[PDB]
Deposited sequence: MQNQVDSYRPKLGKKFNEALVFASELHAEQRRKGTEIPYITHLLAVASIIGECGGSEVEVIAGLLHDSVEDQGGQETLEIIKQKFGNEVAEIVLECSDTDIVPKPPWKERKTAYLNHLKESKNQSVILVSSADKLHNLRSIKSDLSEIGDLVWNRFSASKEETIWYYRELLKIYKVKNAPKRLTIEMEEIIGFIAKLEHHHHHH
């Protein structure tokens, strides 16, 4: 259990792994029995594979913690454990008629001054898209029964997200695959 010297993903990342898993222990991927931690681990992995910093990988593990697991009190815990830079990425990632809310979030991302937010966001969306594709191969169009929007609305939203990620210089390794999946799931 030696602690290596100045590893890129070290003690704070390991603390974040445990914190994310404990915080989301009872949460499930919508419509399934799959533990939600699977999504957070996948997003953290993608961010790391894009050369993400420790702060960015931690923000990836925690990007759903304020929305889904306690709001402002959880944000304060994130600050205490992981610092304000992580907390600021998480808050900026966090999110009236549905279509206006979507447009507001898209413009929020478009105007962001934090490249870390674009990296975390695009990794989150890539994992969600891979998950739709995999579910389609198992249950077919039953996958769409898990969403709070139509297939057409969902495809529109992902297409708009992709355009923003391109204009904000998200990693091409992510946007290339996104574009392939979107075309696939659009039939």
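Practice task
Quickly check which stretches of the deposited sequence aren't in the model, judged by C-alpha, and list them in order.
Solution key: Unmodelled stretches, in sequence order: 1 to 3, 99 to 104, 197 to 204.
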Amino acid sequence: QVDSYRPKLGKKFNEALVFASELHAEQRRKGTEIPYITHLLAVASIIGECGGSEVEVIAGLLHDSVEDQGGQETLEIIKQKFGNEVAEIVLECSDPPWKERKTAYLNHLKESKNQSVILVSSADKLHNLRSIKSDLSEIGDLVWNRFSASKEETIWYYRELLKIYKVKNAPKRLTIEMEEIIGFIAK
From here on, numbers count along this sequence of modelled residues.
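Practice task
Pick between 66 to 74 and 39 to 47: the one whose mean CA B-factor in the entry is higher.
Solution key: Stretch with the higher mean C-alpha B-factor: 66 to 74.
Exercise for the section: Name the higher of the two by mean Cα B-factor in the PDB entry, 102 to 110 versus 79 to 87. Expected result: Comparing 102 to 110 with 79 to 87, the higher mean C-alpha B-factor belongs to 102 to 110.
Exercise for the section: Tell me which of 61, 142, 126, 118 tops the list for C-alpha B factor in the record. Expected result: Checking the PDB record, the top C-alpha B-factor among 61, 142, 126, 118 is at 142.
Problem - Chain third (lowest, middle, highest) by recorded CA B-factor, residue given as residue 174 - result: Its C-alpha B-factor belongs to the middle third of this chain's values.
Practice task
Name the third of the chain's ranked CA B-factors that contains residue 20, choosing lowest, middle or highest.
Solution key: Bottom third by C-alpha B-factor.
Exercise for the section: Place residue 130 in the lowest, middle or highest third of its chain's C-alpha B-factors, as listed in the PDB entry. Expected result: Its C-alpha B-factor belongs to the lowest third of this chain's values.
Handout entry: residue 154 - which third its CA temperature factor falls in, relative to the rest of the chain
Key = Middle third of the chain for residue 154's C-alpha B-factor.
Exercise for the section: Divide the modelled residues of the chain into thirds by Cα B-factor and specify which third, lowest, middle or highest, holds residue 137. Expected result: Highest third - that is where residue 137 ends up once the chain's C-alpha B-factors are sorted.
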